[PDB]
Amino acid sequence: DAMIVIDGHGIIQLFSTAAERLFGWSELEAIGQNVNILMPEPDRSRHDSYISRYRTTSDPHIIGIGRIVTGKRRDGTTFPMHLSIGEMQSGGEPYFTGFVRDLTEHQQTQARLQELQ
């Protein structure tokens, strides 16, 4: 699916091809940007505190659990996606890997089945 790797400050280190297709940002444009550029407010402005909080408490809210959330594309459209987060270490510092599964199709079918009674 789409895969993204960020350092402990939420900065995008790696951005896969599939992620480019999904979020609308090329790898070059993405790397160097905070991961918060991939979601809408209120998560966006709160994203750093989510990471800081985790690093301070070591009490996960998504790592090892998963969560369906709303991501944001370059053109500004929002969409539902399942997010899985793995934690890694490299060069003495933490890195996090996010696996994104686009759930738009699932949401759409579900809504269509509901509107037709």
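Basically, rigid core = biggest C-alpha set you can superpose within 1.5 Å across the two forms. So that there is no doubt, residue numbering starts at 1 and follows the sequence shown.
In 7 other deposited structures of this protein, superposed by the rigid core, the C-alpha atoms of 56 to 64 lie farther from the shown form than the other of 69 to 77 and 56 to 64. Per-stretch averaging of Cα B factors for 28 to 36 and 55 to 63 places 55 to 63 on top.
40 to 48 and 73 to 81 differ in mean CA B-factor, and the higher of the two is recorded for 73 to 81. For the set 104, 97, 16, 13, the PDB entry assigns the largest Cα B-factor to 104. Among the modelled residues of the chain, residue 2 sits in the highest third by CA temperature factor in this PDB entry.
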